[PDB]
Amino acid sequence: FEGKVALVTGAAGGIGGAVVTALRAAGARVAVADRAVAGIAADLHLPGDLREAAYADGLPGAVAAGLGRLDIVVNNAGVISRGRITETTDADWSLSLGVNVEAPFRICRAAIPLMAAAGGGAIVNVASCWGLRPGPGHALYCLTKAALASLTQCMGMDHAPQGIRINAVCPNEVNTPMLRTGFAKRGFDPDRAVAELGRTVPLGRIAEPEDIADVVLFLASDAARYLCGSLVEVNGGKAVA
């Protein structure tokens, strides 16, 4: 990773922060993208709203201009939602489609010509097991993750010839600041609530952000040089339910 440049979206979140940290430790220079990013330790800061076409279309070019090149993209930004389709509003729809699917589409569409010209690169999409398999009460979340997984596999096959390796990491349960905050606000000790949630996973715990980041780094690395369009599940053995 020494000398390489990476864009990471959703950089202010749990998995995002862990991916940024791991890439910079590995010697990559990293551009960070989220709604707001000024406090994140990174090599280029690109705050913005992914729902705005101009910002998402322009992200890969902004990284190449600011840091001189673009080797890796991690599409990690994502909206969590829930409900049966009958409980899904138009606003829920627009927000999730815009950030979970359209934004990755725009970023990849822009990044690919840059990487092709440079002789190759790696894109890693953070999708979910929810969407590879259907689950109850989360129709919108699943369909956007299924759209993203499909995109990854199609792009993976379309752009392999240009030396661009496009793959996905598909978590299930993940420990994050916001999961813990949710517990605290409802009166639960977050550490205990997290352990209990872990007992529903065959491995016995939910993922830490680093569990996910380590797989992202593998996919971006030369060890994964023959993976194209692969969807790598990282779920501790836990089935969607």
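When you see a residue number, it is the position in the sequence shown, counting from 1.
- On average the C-alpha atoms of 179-187 have higher B-factors than those of the other stretch, with 210-218 and 179-187 being the two compared.
- Here the stretch with the larger average CA B-factor, out of 83-91 and 144-152, is 83-91.
- As recorded in the entry, 192 carries the highest CA temperature factor of 45, 205, 192, 35.
- Between the residues 136, 104, 171, 161, the entry's highest C-alpha temperature factor is the one at 136.
- In this PDB entry, the Cα temperature factor of residue 10 sits in the bottom third of its chain's modelled residues, the lowest group.
- Annotation for residue 61: CA B-factor lies in the middle third of the chain's modelled residues.
- In the deposited entry, the Cα temperature factor of residue 26 places it in the highest third of its chain's modelled residues.
- In the PDB entry, residue 110 places in the middle third of its chain by CA B-factor.
- In the PDB entry, residue 129 places in the highest third of its chain by CA B-factor.
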